[PDB]
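Read the single chain below, which is given as structure tokens and is the form deposited in one PDB entry.
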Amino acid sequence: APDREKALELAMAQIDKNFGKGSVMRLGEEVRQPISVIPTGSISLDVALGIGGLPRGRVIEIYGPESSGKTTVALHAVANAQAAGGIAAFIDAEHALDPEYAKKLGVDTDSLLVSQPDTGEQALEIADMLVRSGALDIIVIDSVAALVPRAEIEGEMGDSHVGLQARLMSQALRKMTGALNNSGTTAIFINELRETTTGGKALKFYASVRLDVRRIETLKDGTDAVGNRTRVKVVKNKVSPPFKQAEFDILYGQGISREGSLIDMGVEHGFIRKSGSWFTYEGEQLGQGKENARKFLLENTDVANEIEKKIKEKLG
């Protein structure tokens, strides 16, 4: 009577129907559920996500240490959402945003809604209000940690000092998610590990995607610095197989390096052959030094473009 796979598929189907698609899934699985997404500004990451970018109408958490690249991504995320004629909002509770850089990554600052809330409740409330207007494609909340409850903000005693911030953040997501789904706005929560940042307790369970952003190498060329390579691990992903990983370059004052992405993916995917200490494409001389190569590619815009075209085909 028992046929494992058949029995299994029925179970899994039941699971997914009872709790939504993605509740459970094989890791090697390949997703045809294409969704609607916001390109991450990182090709590798986009692929790592399995859907080509951040799912829309979903809660995303982008945690990691300072200077790990979190913001940059979130910023790109915005720019792309905007290029697609979308409306974007930035709930700032860190007062760090450098709009000049944002424009650099291609954000239309002038049309960017910003808010700098007096408390945690307010910050979350303002966002919820904005969200249920469904006019937003994306909305980024800087510093899950900076969402300090009002009672704490207003000088309040070490008495009845409940673990309120986590509570604050939970109730908030509980109600905000439902709307987010309806609105179809992606909500990126930037969470810096300095639960995860206290509010990240519920965020862990409310996110459909969770990116572990980490800095891994200083990008150097010769005896100097040009940028830093970042690695992002998609620890959680309720819309595709999780645990995938991606790396990419972010040069000083520059966002995610396209040519960089190209040079990396192109290699691991053959299209560009890297003999140790020289890169070559279709017999072409790209250069010695991932940088000389990046240079080459950024200059010969024609090349790379056929290799972004090639790579893109082979994947998605």
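Don't overthink the numbering: it's just position in the shown sequence, from 1.
Next on the checklist: Residues without coordinates, deposited sequence, stretch from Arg194 to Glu195: is the count none, 1 to 3, 4 to 9, or 10 or more?
Outcome noted: Going from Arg194 to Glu195, the model skips 10 or more residues of the deposited sequence.
Next on the checklist: Please compare 9-17 with 302-310 and name the stretch with the higher mean C-alpha B-factor in the deposited structure.
Outcome noted: The stretch with the larger mean CA B-factor is 302-310.
Item to check | Stretch with the greater mean C-alpha B-factor as recorded in the entry, comparing 174-182 against 239-247 | outcome: 174-182 has the higher mean C-alpha B-factor.
Item to check | Residue selected from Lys220, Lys204, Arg150, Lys104 by maximal Cα B factor | outcome: When the deposited C-alpha B-factors of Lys220, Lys204, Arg150, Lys104 are compared, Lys220 is largest.
Checklist entry - Among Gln122, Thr198, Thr71, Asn80, which carries the highest Cα B-factor? => result When the deposited C-alpha B-factors of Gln122, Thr198, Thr71, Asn80 are compared, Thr198 is largest.
Checklist entry - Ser261: which third of its chain by C-alpha temperature factor? => result Within its chain, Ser261 is a middle-third residue by C-alpha B-factor, going by the deposited values.
Checklist entry - For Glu156, does the deposited CA B-factor place it in the lowest, middle or highest third of the chain? => result Answer is highest: the recorded C-alpha B-factor places it there.
Checklist entry - For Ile141, does the deposited CA B-factor place it in the lowest, middle or highest third of the chain? => result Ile141: CA B-factor falls in the middle third of its chain.
Checklist entry - Comparing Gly85 with the other modelled residues of its chain, is its CA B-factor in the lowest, middle or highest third? => result Its C-alpha B-factor, which the entry lists for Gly85, ranks in the middle third among residues of this chain.
Item to check | Chain thirds of CA B-factor: placement of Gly28 | outcome: Its C-alpha B-factor belongs to the highest third of this chain's values.
The discussion below concerns the form deposited with a small molecule bound, not included here.
Next on the checklist: To verify the annotation, which of these, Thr119, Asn228, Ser208, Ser183, has a non-hydrogen atom within 4.5 Å of the small molecule in the bound PDB entry?
Outcome noted: The residue from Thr119, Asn228, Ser208, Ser183 that makes the contact is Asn228.
Checklist entry - Of these, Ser36, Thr280, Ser67, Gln288, which has a heavy atom no more than 4.5 Å from the small molecule in the bound PDB entry? => result Going through each option in turn, the one that passes is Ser67.
Checklist entry - in the bound PDB entry, which of the stretches 149-157, 133-141, 109-117, 96-104 has residues with heavy atoms within 4.5 Å of the small molecule? => result Looking at the other structure, the answer is 96-104.
Next on the checklist: Using a 4.5 angstroms cut-off on non-hydrogen atoms, would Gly270 count as touching the small molecule in the bound PDB entry?
Outcome noted: So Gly270 does not count as contacting the small molecule.
Checklist entry - Heavy atoms within 4.5 Å of the small molecule in the bound PDB entry: does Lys201 have any? => result Looking in the bound PDB entry, residue contacts with the small molecule do not include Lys201, since no heavy atom lies within 4.5 Å.
Next on the checklist: I'd like to check something about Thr72: if you look in the bound PDB entry, is any of its heavy atoms closer than or equal to 4.5 Å to a heavy atom of the small molecule?
Outcome noted: Answer yes; at least one heavy atom of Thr72 falls within 4.5 Å of the small molecule in the bound PDB entry.
Checklist entry - So in the bound PDB entry, does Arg215 come within 4.5 Å of the small molecule, heavy atom to heavy atom? => result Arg215: yes, in contact with the small molecule in the bound PDB entry.
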